[PDB]
Amino acid sequence: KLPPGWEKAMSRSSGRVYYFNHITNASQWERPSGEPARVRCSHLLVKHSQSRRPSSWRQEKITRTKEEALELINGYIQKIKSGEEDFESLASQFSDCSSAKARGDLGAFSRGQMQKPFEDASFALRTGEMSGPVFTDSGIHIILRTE
Ligand SMILES: Oc1ccnc(C(F)(F)F)n1
Ligand SMILES: Oc1ccnc(C(F)(F)F)n1
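Residues 6 to 39, 51 to 163, numbered by the authors' numbering, are exactly what the sequence shown covers, in order.
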């Protein structure tokens, strides 16, 4: 019926059907369209107090809760989707990864190198598509597949 990992859902506030991907945590209104050795992705990372290394170039001691980190991620997703902000802009300013200085770009990679929830989301995204919140031991990610 639908590309890898998609299911039909119903909006609780509008009653209109939408589509949800349980691998990328993406959601959209329109019916989804539809694997390579490698993909290229950028990401925006928000760390929290239970991240493996609760430290980043932005903060020596990262104290925010996981719930607070998810709220920030959700807010960034809203502004990217509204066009109020660009993914690259928010990654450069607010990502708790070193890759912030490269607008979030991680380069190209194969399966085997990344943490599994990050890797599955990266490979299930289509070129150009953005993930919803993706959870790993590092933190919560927004992932943008660029190639
Ligand atoms: O692969 C590498 C090596 C060093 N730095 C980066 C990044 F993310 F900052 F651009 N990527
Ligand atoms: O192994 C590691 C270390 C840091 N970040 C990641 C990932 F995939 F979540 F981006 N994996």
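A virtual CB, placed ideally from N, CA and C, is assigned to each residue, including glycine.
Residue burial classification, residue i (beta-carbon count within 10 angstroms, cutoff 16)
i	result
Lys97	exposed
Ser71	exposed
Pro8	exposed
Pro149	buried
residue 208	Absent from the structure is residue 208, since the part of the chain shown begins at 6 and ends at 163.
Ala107	buried
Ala124	exposed
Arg21	exposed
Simplified DSSP state of residue i, which is helix, strand or coil
i	result
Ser108	helix
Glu12	strand
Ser58	strand
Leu122	strand
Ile78	coil
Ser138	helix
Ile156	strand
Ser32	strand
Straight-line Cα distance separating residue j from residue i
i	j	result
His59	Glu76	21 Å
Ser154	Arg127	18 Å
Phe134	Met15	26 Å
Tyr24	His157	20 Å
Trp34	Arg17	13 Å
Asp102	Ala137	20 Å
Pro52	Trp11	19 Å
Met146	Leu122	15 Å
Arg142	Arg161	7 Å
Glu100	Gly91	11 Å
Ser105	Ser111	10 Å
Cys57	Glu163	7 Å
Contact test: residue i Cβ vs ligand 4 heavy atom, cutoff 6 Å
i	result
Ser154	For the structure depicted, ligand 4 is absent and the ligand set comprises only ligand 1 and ligand 2.
DSSP bridge partner residues for residue i (one or two, in chain order)
i	result
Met130	Answer is none; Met130 lacks a bridge partner.
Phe103	None; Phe103 has no bridge partner.
Touch check for the stretch 115-128 and the stretch 86-95: three-plus C-beta pairs under 8 Å?
no
Any 3 or more C-beta pairs closer than 8 Å across the stretch 22-33 and the stretch 80-94:
no
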